[PDB]
């Protein structure tokens, strides 16, 4: 568990980085799968967050792995880690040609069939509306095909690394999905299913008719990205390239740079309305050309096609969260020669996008300084009319919690750190004064909310509450006097503390570079966060840092009803019956063999929250990269 670090006082941030790096990479510690070398969500298996099992992982984890290795190359001159990390990503979570059969049959003039989204999972399956609803046209596909051929070079968002659900073979890493039934489907409320749907498992039509209603069903494959992962990966590779070339070792990462540029080009798919409807339509009004482009990183792009028959489809997404933007990666794709898109229009599109993203952050900045949630081009996920008085951004409606409501997607303070960290890197590398007010207001805000205790502990915001709306955007920040944040709780989340330290140190470095005076308070706060995270949460088992958390939410293992339509029946691969009346655990009965099951169940029987220790991959990496940023800009 967490203990006071034995580390000698005054240990350099470089030395801290290299110690923590070593512990992350040590095979005995178990952060990576023995067979593929894929980073798990966490060492521990019983954990329920975005993934619902700890050895399920996400494209996020793959991106953090690349970032870790880039910093290692910076500090040691050894670039093999970057090569290895990108290879693991490309080999596993980026679907290859055999895994995207028939994508060459995609028709950009008939991209997909329309379906409503709904406010509760019990409304699903959602009817596919063939020939009742016309959709718009995809203006980027052919430009990408001309450069790269038929397939998407993006990461699917979720992978069952040791085939725990059984949808794949042996213990092989397997593409899966969970979330599918709208904004109120929490992680506790999903029915896990295979991305490659061969009807082997589930019901007669596999899992398909839990989610979509149609006259017939065909075997099919489907992937969905999370563009913050790709963005982070590319961001990392910008730094790998910069640092490697400083060392005269740019050739070691040149191939990875080319792949990152390509991935960046494919992220243009995330810039479009779900069904290529006109931005601002407030109706199901199909667009052509770029009239469906919001030029933000929306929550996903998804694509799919047939197995055993040749057909394909693609959707964007109408919802954008500030937390998923990355104007740094955008600027890299737009402006950096080595990352120049191979397609004819990628550079232009990215130039438009990174600037639009920067406006988005400004529009969303509350009176206090925290960044509010985002916007949608599809009110209620059904292209409904905006309510009276709705504030807008280029025709998109403000929403405080884009995409998901259980919990509200902008309650989590962590998005402030993850996303504004990218804005700091953008300011550092450009000195663009257009974002100075944004970043200074956010820094002064966040630093007013960090608590440093005389006993050497710390607290940072954990949960946020929002009221009001920004003013409608006309190109200039108004101060948004009626958009308000309140911090409702604080905590010691190690990864957020690291990300925040990263943001503050990067900002400090930028102030030194551009402003003629270093913000030493920002520098020092970054140092304090790293120091206090490391010192108070050092893992006694030598695995890095570790949390100790009461998980009151884990009563949902046993209490959460999972919606199944009346009359539907099927089985999970292990034989668990999927039918009305199931709870979370009932379709995941292998959890009863987890080494921490008894602790969680016995706590439940006592009416108590169980207390668990976790080593999340992204926690370890966000802290390590923060140590590295300090080492880079503030050595000694």
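Positions refer to the first chain, counted from 1.
Is the mean CA B factor in the deposited entry higher across 198 to 206 or across 322 to 330?
So the stretch with the higher mean C-alpha B-factor is 198 to 206.
May I ask you to compare 489 to 497 and 137 to 145 by their mean CA B factor in the entry and name the higher one?
It is 137 to 145.
If you check the C-alpha B-factor for each of 248, 73, 374, 231 in the entry, which is highest?
Of the candidates given, the C-alpha B-factor peaks at 248.
According to the deposited entry, which of 52, 598, 69, 60 has the largest Cα B-factor?
Answer, based on the entry's C-alpha B-factors: 598.
Can you work out whether the C-alpha temperature factor of residue 28 puts it in the lowest, middle or highest third of the chain?
It belongs to the highest third of the chain when residues are ordered by C-alpha B-factor.
If you rank every modelled residue in this chain by C-alpha B factor, which third holds residue 184: lowest, middle or highest?
Answer is middle: the recorded C-alpha B-factor places it there.
Is the Cα B-factor recorded for residue 429 in the lowest, middle or highest third of its chain?
It falls in the bottom third of the chain.
Lowest, middle or highest third of the chain for the C-alpha temperature factor of residue 154?
Tercile = middle for this residue's CA B-factor.
Cα B factor band for residue 380 (lowest, middle or highest third within the chain)
As the PDB entry reports it, the C-alpha B-factor of residue 380 lands in the highest third of its chain.
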